[PDB]
Structure formats: structure tokens, C-alpha cells
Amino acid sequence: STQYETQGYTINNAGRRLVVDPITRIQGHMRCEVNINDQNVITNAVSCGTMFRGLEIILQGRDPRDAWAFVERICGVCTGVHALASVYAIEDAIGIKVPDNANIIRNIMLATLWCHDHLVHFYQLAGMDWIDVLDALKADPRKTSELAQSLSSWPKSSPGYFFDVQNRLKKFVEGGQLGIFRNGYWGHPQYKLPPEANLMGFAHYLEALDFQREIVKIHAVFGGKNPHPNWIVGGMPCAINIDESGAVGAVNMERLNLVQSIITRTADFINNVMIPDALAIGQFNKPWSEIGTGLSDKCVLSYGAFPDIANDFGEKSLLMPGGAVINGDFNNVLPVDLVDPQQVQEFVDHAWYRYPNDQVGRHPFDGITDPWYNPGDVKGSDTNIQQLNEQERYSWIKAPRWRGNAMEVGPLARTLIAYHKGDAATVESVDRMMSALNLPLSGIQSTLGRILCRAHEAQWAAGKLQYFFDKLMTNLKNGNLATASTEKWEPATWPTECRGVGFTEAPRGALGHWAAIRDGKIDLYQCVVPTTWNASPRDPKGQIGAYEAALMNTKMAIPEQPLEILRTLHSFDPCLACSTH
């Protein structure tokens, strides 16, 4: 065994080794290993992406106009975000400006995805880490009603409703076909909710499973379908016609009325179901405000998103702020430049790839994706891994760094950047949440904080949906209908050689696509995706990424039942297909 120090941690692989493979209630394939000491505390953590497809290789030689459709298939959970980044990147390369309504509609697509993806995460992915579903069978339906009504104005709270939900669950389990609940962690001492809170939460899980399907109707109107809506370089394909012949063939008043109905319902559900449930999890699990901090008190990154001035990706335009903090220096938020070769770089010394020099990082315009499965001296076999060797290569995920620093990305990162830049809405939301919990600001820098920030962002994005819809309507009232710029549609109009960057904030964090075009075709297409950051393996200095750091120093009650590991990992909403692409 060995021990070394990095980023304030002592990484020590002595002691019992625990493996969690497969990690469930994430997207894609992940393996996690940890070592624990005599106190059942994690002293080493190992994040491994266990899949690869090679989109960066597949995109070579494609028409830049087609790229969005390929890269959208990086992920069907964060569906649309890679298409947005791609159209942005190609437009940046060629020098295309889209019309205002196209930008507004793209912002609507993004905000819709934030609402959907964050809602479903909270219930379907992370919820069962916090709610003991089987314990709901012990609840008193009238006390459940009283609890719910004390927390929210949401209408669906009758004792009879909770009895009905409880009976549905009782019937579901009474034949012994427990389905997704089979061999769960139910009864683990870290489940702290009373039975009535478990039944309320489970009712809400079911309501969210039903309701989430509605949110994406916005994507269907503007983008044709969800998952995997359509886009174009130059704007959007959803031509508008409000008051002329043939409006039946376009986005018309009836289509926009549908969108407005979805927005209102989405805000209502988030504000009155998800938000009070998130605060309630906080109230009953306050110790988790001090667990899973990881890098979130050291190094956090946002590129920023939601340009409100069309084609302007600067600070005055982006409604979701960008910036970086390193070394805990939150009083000095730093600007990010995605073209600067000294800022974003990826390392592969601990990943299954070849570089000419694996001791250095490569900016994505110099990126190389040359897969090389070489796990080295594993316990077991290279086709039946008992233990990865974290001193050698151990993942399909590259290791991104910002100026050489390991960063956390995602809702907590964004919230911290925006807070410290003085964004009034963020400051107010954070301050109110932490005051409600009687917790210091620092309590957000935690596993619990990641969940609270995600809920805050779902509410933020639902508000932004209305703002964007209103801006679209204002344009239509002023006779501004355009949705596509086509002057540069034809390849003869492009520079013979050009390159560009498309960036945004996906639900899980900072996303960039770097594209080089030559002779009408993609010469290079490199993606650095939020879970690539968070699930990163180590670098040549031994620095650990966000997941490994967040797992460090965590107590486990029952080593064989890894609920604490699941809680922390799920709090980041891991997307492993995203991370590896």
C-alpha cells in the first residue's frame, strides 16, 4: 500500500477495499472502488468510467451541418445539450449569427432540459438514497397529509390519497415481486425520515415520474421530438407563422399556447413539490451538510450559459454566470477563456488513451482520442477486474484540469460562482435556503448542498422559461419572426480552414465542444463534458477529481451496503456516456 498527500487529503490505499460495480441510478457505466480504515472511513477513492464509444473519432470527415445530430447521441438524458454546444461551435467556427428568436428558442430548449433533467434526478435517481420506500408502508396516512400540508400548498395531499398510494405499494410488494425495490438498502441507519415523510416522498416520486413527460412537450413543439430533438446550424428549423396563410404548417398561436401551458405547469410542480421536498431532505439530514465537500470548498468552474443578447457569449449577456475559483479564493472569481491553451487541458496518464507525452495536458484544439485499453497490474484479470490499479491507467474518462487545477462543475459549482460574483437572485435564493435550515453558507459545500442547488436551479430555470417565452412573444408582436440565418448554409461560403468553440452549462456542469473545419469537413471534434470533469481520474501530480475528493473522509455505517457512497456519487448526477463519449 501507499500513501501520498494532495489537495489537503491523505490518499491511503491500505485497509479493506470496497468495490461498487455496477453503479446504478446513474446514466451509463461506472465502477467505484474505495479503501476504508479501522474507523470505517474512506481513505482512498477511485472513479472509473467503464464505457467508451468514440464520437470524437466518428465525427471526423462529417459535414459540420450534420455534427449536432451525431453528438446529440452522446446522451439521451442530457438530450439536446450537445446539439446546442455543436451548433454553437460550428457557428463560432464559420462566423454565423443566428436571429434573436432562434437564440430565444435555444434558451427555451436548454431551460426545459434543466427543469426535466433536474426533476427526474431528484426523484428517480437520487430519491431512494434519502427516502426509505419500504418504510412508507408503516406511515399513518392522516399524519402524512398533515406533514405535506405543513410544507406546501400543493393540492394533492388528502389522507385518502396517501392511503391509496400506500395501498398501491402494499399490493405491489405483497406478491414478492419487489422490482426496482428488491435487495435495497431499506432500514440502513442513515435513513432518517419518519414514515410519514417516506410516504410523502414516495407519492411525489410517482407524481414526478408521471409529470416529467409533460415538460418535454416544449422540445416536441420546437424540436420535433424528445428524446433527441432537431436543430440546425444557423438557428432552428421550426419556422414561425402567426397570421398568414399556411400557419397550420408552422409554429403558430396554438403551438405557442401549448408551450405556455407546459411552462406554467412545470413551474407549479417544481415550486410546490420538488422545492419543499428538497428542503425537507435538508431538515432531516443536516449532518450531510458536512459530508462530501470534496473540491467544492477549493476549486469550482462554470463556463456560463443562456446568452440573452443573441450571438453575444460575454459576461453582460450570459444569464447563468461563468467563472473559476481555485485555492478556496472565492473573493477572486477568475474569467475563463476556452481558446487559451493554458486553461482547459486534458491528461491521460491515468486513462485508457495514448498521447505522445502522457505527462502533459492537451488543450482540446490539440486533443487526441486514441483509445488504449491497458489496466496494468490489476487484481484479477484484465477481462475480470477484481481491483483496478489507480497507480496506473484506470478509466475511459480523460482528466480535465483548468490551469492545472482539478475542478468541480455542476449546480453547486455554478451556484458558488454566481453567489460570489454577486448575482442577486442567486444570493437571495442561497441565503434563504440556508437560513431556513439554520446552516452556515458553507453547508452548501457538501453532498446535501449539491441536491439543494439542483432544486434551486430547477426553480431558476422554470422562471427563465417564462422570461424567454415572453421575449419570444414580444418579438412576434413586433413582427420579428425569423428563426434561421441561411447566408452561410452552403459550404462554398465557409472559410477553407476555421475553428470554433461552443460552450454551455449542461445540467451536470460546464460543457465545451471544440471543432476544426477544413475543406468543408470536420478535421477535429473534441468534447470535454461535465461528468468528464467530475468523474476524472488522477493526473501526473496525483491530483484527484471531484468524485474521488467528495468520497474522501466519508464514514460508512455498513461497509457492505454502500449507501453513503451512492448518496455522494448520485448528488453529482453522474452521466457516464457523457463523460466518455
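One rule holds for the numbers: they count along the sequence shown, beginning at 1.
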*Between the two ranges 211-219 and 144-152, the one averaging a larger CA B factor in the entry*: 144-152
*asked:* If you average the CA temperature factors as listed in the entry, which stretch comes out higher, 239-247 or 430-438?
replied: 430-438
*Go through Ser47, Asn44, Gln526, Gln39 one by one and give the residue whose Cα B-factor in the PDB entry is largest.*
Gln39
_Among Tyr353, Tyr123, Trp231, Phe330, where is the Cα B factor highest in this entry?_
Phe330
*Position of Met556 among the chain's modelled residues by C-alpha B-factor, lowest, middle or highest third*: highest
*What third of its chain's C-alpha B-factors does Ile180 belong to: lowest, middle or highest?*
highest
*In terms of the chain's CA B-factor thirds, is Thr24 lowest, middle or highest?*
middle
_Splitting the chain's C-alpha B-factors into thirds, which one does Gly500 fall into?_
middle
*Should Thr486 be placed in the lowest, middle or highest third of its chain by the C-alpha B factor in the entry?*
lowest
